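> coordinates only, no sequence provided:
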Ligand SMILES: Cc1cc(/C=C/C#N)cc(C)c1Nc1ccnc(Nc2ccc(C#N)cc2)n1
Ligand SMILES: [Mg+2]
């Protein structure tokens, strides 16, 4: 009820980010949402003496026909002070990734009950654009903690901790983790119990609220089943010259990750200048080297550690037929997680919708395991991504990304 | 008196850490001083400026101009220094409406609101920074110090604060009169509607009454300005729009500046004149910056200019947007990386036209360029109309599906339909996914010496066919490509090629059909003639046979 002082980082002005083009449907939705928010006091109209701006758009979350306002605070979040005073930071709970079920709840509406420091409000300015710029854009700023701003969970932490105390004491084996507007709730219960504890949790925030438009929703994850992708080599009875070349290529790549990989004996099977489809019998020497390589590949990689002071990087490859492979790392050749997806929801004709859902899934996994989002290197031209990603976004956070314009050879080795 | 509602002031600040301006007033002739004294006495009588004491330490120079009427002198306060020190504002004018997004109007009336222009109050605390001095006759008394009580013409914040203040006043009227549109430009209000003319004029009278609540008077006569309107380089008519007349000069010789102006006029005309091209004319500006330099026009540039003159020989008009109908966007390939499009709703009546040019780069293909043009037009359409048009594209449905399913990047184009108007975009070659049985296998390699720029390129095959060619003025990368070229030139219609060149694979996996490298273009022309090509990669220096032999032959 009285505000926490907030300021930007030293020597750093507010965000001045262009509003990108919005569709008629998104504009009408935002006009309706912001008119209501203004009546409830959450935002106020501003004048031209405020030159700041953050982009805004709207999303229709999974299994809902109500539009949600999403502000892209990435620039403001970078420019905002670090909140290492409330706490040096809440240690990331390593047990969250080990629960059989984790439900994700949108609790962002709770933030609107805490006022925002009057000296910081100007930096949350945003614009609702008009079609064809025929009327001046509607300019607002926030009077309360906004959804998506990194300061909102930090300032609301003290209030969240006490709202949840009765539920936590009474359910001590539940893991609760907050990331931005998300609450992740993990249990080892059978799902029916799980869903009823989740609903127990909802009414603690309803009780306290006394209405939140998206608390009822529940995104269910099962991180104990999450699959990884070790390096496997083919098992064949007949090797062609082409098969052995692809094998030697893959092993050469794997030897940058695994020290003792050897290809001398397998490369000597390529002794001469043979037709690519010709079948080559393995020598005993080659079989032995191949088997020794297999056993090396069944071990973990050496010297792999997570460092919370370094960025996570996520790379994604398109494998075709709706299949995508991905790797998360901080140092090259030191993967912290690898994976593969194929359940591209409702996108069998749309590469970009599939890629966008992969990005959201990888971010979710990243939040659960390390409590932060990775920086993506996306196999897509910037213009195509920038024009379509917002049409398929269903998350309340937005990660960072860059674009890969040169095809990697590594695609072949993660297939 | 009738109480008027006051205009709330916008709080204004200087940039952090800066103080106000303290600029020397220049000396002026006795004649100019008298002119400024009279002008300012009337401005003070009107409330726009106020005489101040000597305590204020700020100052901005004032000048006298003249030449408009009876050669009578004018007044100019030079706020360049204060502008540098004034905060940044939100600018709304950055987004100009595009005529193609406007709607048809039966009536558009213009009202003059310049009395409001010079009557918006200035934040009381900021006035001190606007102080200026009229010098005294013969410098024998103190100059007449003053300060602005109203938004000063020439001050950085005046346009933004004026627009914000007028918008706030008009918002109630517009919300409660949804059957009109209102647009402010300069000192005029444009009010459009589809009402019968009596109801339209009634709404205008009601708008005039609304403005008097803030003390704003509107001339009671007929505004001079009437359709068509000359606005932002356009002509707006009640039911149509066009660009202002585009006249291409005749000239026997062209300077850099002449070609820059021609390209500007052509770029401007490209929004309604279909098929404008500027590639060959823009090529003449490459890497140069001498504005007086005369460039001989290529025969390529002369044909392009001649084609443009033909396109521009009579007026073409665009129609306005009917929201009740779908938008269609049609694209054509023009050659040399150039693309042109039309956006229409009814056949043969374009709302607008446009063009797209290939981005600078080493290698490219028609499908990527077409994809880029689609994404450009989609974004433009979102800005102007708020929705994506349905596309008509010169590419077969089966070509697109083969392309995106096998391309290494994610790619997507929204709802479209094939339009069979040549030249069609097609795939010129497609690499095999598996090695070819029965096709000769070429193991290729190249190497060069970095100092002497001497190299070798060659291959050996499973049938015992071999070639090594010595090369000069080359690099490792060029010899890697040459070796692949040799294997293509010497094989039959089906061929397997084994290379260790990551560089060459990265190029071919990007599937160029045209390149800045003539060597890549030669490879592409060879690939087009084959029926099957399988390109296999192996790591260098690993004893891979075939590979090992030719790298030896070529590194010698
Ligand atoms: C952008 C704009 C510039 C001018 C004027 C600028 C000036 N000078 C005048 C108006 C009224 C507008 N406002 C809008 C908004 C939506 N549809 C339209 N349609 C429309 C406007 C003018 C004519 C005409 N003749 C026809 C249709 N105008
Ligand atoms: Mg070599």
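Arrived safely, thanks for sending. Numbers count the residues shown, from 1 in each chain, chains lettered A, B, ... in the order given. Ligands and ions are numbered 1, 2, ... in the order given.
> what sits against residue B:116?
Shown here is residue B:116, whose contacts under the criterion Cβ atoms under 8 Å, 6 or more residues apart in numbering or on different chains are B:162, B:165, B:166, B:211, B:214, B:216. Yep, even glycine has a C-beta here, placed from its N, CA and C like the rest.
> count the neighbours of the last one for me.
Other residues lying near residue B:216 total 18 when counted by other Cβ atoms under 10 Å in any protein chain shown.
> re the thing from before, among the contacts of residue B:116, give me the pair with the biggest separation.
In the contacts of residue B:116, the most distant members under the criterion Cβ to Cβ are B:162 and B:211, with 14.1 Å between them.
> report the contact partners of residue A:404.
A:315, A:377, A:378, A:379, A:380, B:409.
> surely the second one is in a strand?
Yes - assessed with DSSP: H, G, I helix; E, B strand; the rest coil, residue A:377 lies in a strand.
> my guess is it meets residue A:317, correct?
No - counting by Cβ atoms under 8 Å, residue A:377 sits too far from residue A:317 to count as a contact (10.1 Å).
> those two: which is more packed in?
residue A:317 (22 against 15).
> for the stretch 1-150 of chain A, which residues are neighbours of ligand 1?
residue A:134 (Cβ under 6 Å from any ligand atom).
> OK, contacts around the one residue in the stretch 1-150 of chain A that gets nearest to ligand 1?
Each residue of the stretch 1-150 of chain A has a distance to ligand 1, by Cβ to the nearest ligand atom, and the smallest belongs to residue A:134, at 4.5 Å. Remark: with contacts taken as Cβ under 8 Å, 6+ apart, residue A:134 is in contact with B:97, B:101, B:102, B:181, B:183.
> also residue B:218?
With contact taken as Cβ under 8 Å, 6+ apart, residue B:218 is in contact with B:111, B:112, B:113, B:208, B:211.
> report the distance from stretch A:163-174 to the chain centre.
Relative to its chain's centre, stretch A:163-174 lies at 27 Å (Cα atoms, centre = their mean, to the nearest Å).
> oh sorry, the question was meant for stretch B:152-160
Relative to the chain's own centre, stretch B:152-160 is displaced by 26 Å; criterion: Cα atoms, centre = their mean.
> equivalent analysis for stretch B:434-453, please.
Average the C-alpha atoms of stretch B:434-453, do the same for its chain, and the two points are 45 Å apart (Cα atoms, centre = their mean).
> again with stretch A:329-336
Here the centre of mass of C-alpha atoms in stretch A:329-336, compared against the chain's by Cα atoms, centre = their mean, lies 17 Å away.
> also stretch A:40-52?
Centroid displacement of stretch A:40-52 relative to its chain, using Cα atoms, centre = their mean, is 30 Å.
> wait, isn't residue B:543 in contact with residue A:269?
No - checked against Cβ under 8 Å, the pair residue B:543 and residue A:269 is beyond contact range at 9.7 Å.
> which of the two has more residues huddled nearby?
Neighbour count, other Cβ under 10 Å: between residue B:543 and residue A:269, residue A:269 has more, with 23 against 16.
> any idea which helix or strand carries the more buried one?
Element membership of residue A:269, judged by DSSP states H and E, is empty: it is in no helix or strand.
> which residues touch it?
Shown in contact with residue A:269 (Cβ under 8 Å, 6+ apart): A:239, A:244, A:280, A:282, A:283, A:286.
> mind redoing it with 10 Å?
Shown here is residue A:269, whose contacts under the criterion Cβ atoms under 10 Å, 6 or more residues apart in numbering or on different chains are A:239, A:241, A:244-245, A:247-248, A:280-283, A:285-286, B:543-545.
> re the thing from before, make TSV out of the contacts of residue B:116 and add secondary structure and distance to ligand 1.
Converted to TSV, the contacts of residue B:116 look like this (DSSP: H, G, I helix; E, B strand; the rest coil; distance: Cβ to the nearest ligand atom, whole Å):
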residue	secondary structure	distance to ligand 1
B:162	helix	17
B:165	helix	19
B:166	helix	14
B:211	helix	17
B:214	coil	21
B:216	coil	19
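> any idea what residue A:126 is bridged to?
Here residue A:126 sits in beta bridges with residue A:54, residue A:140, going by DSSP bridges.
> from residue B:132, how far off is it?
38 Å (Cβ to Cβ, to the nearest Å).
> on that earlier part again, for residue B:543 and residue A:269, list the residues in contact with both.
Contact criterion Cβ under 10 Å, 6+ apart; residues bridging residue B:543 and residue A:269 by contacting each: residue A:248.
> what does the stretch 451-556 of chain B have sitting close to ligand 1?
For the stretch 451-556 of chain B, the contact set with ligand 1 under Cβ under 6 Å from any ligand atom is empty.
> next, count neighbours for the closest residue to ligand 1 within the stretch 451-556 of chain B.
Shortest the stretch 451-556 of chain B-to-ligand 1 distance, computed as Cβ to the nearest ligand atom: residue-wise this is residue B:514, at 41.6 Å. Other residues lying near residue B:514 total 16 when counted by other Cβ under 10 Å.
> that one reaches residue B:528, doesn't it?
No - between residue B:514 and residue B:528 there is no contact under Cβ atoms under 10 Å: 11.5 Å.
> neighbours of residue B:409, how many?
Close neighbours of residue B:409, defined as other Cβ under 10 Å, add up to 21.
> just say helix, strand or coil for it.
The local conformation at residue B:409, judged by three-state DSSP, is coil.
> does it touch residue A:382 like I think?
No - under the criterion of Cβ under 10 Å, residue B:409 makes no contact with residue A:382, lying 11.1 Å away.
> what touches both of the two?
When Cβ under 10 Å, 6+ apart defines a contact, the residues bordering residue B:409 and residue A:382 alike are A:403, A:405.
> you'd agree residue B:174 is up against residue A:135?
Yes - in this structure residue B:174 lies within contact range of residue A:135 using Cβ under 10 Å: 7.6 Å.
> overlap in contacts, these two.
Joint contacts of residue B:174 and residue A:135 (Cβ under 10 Å, 6+ apart) are B:167, B:181, B:182.
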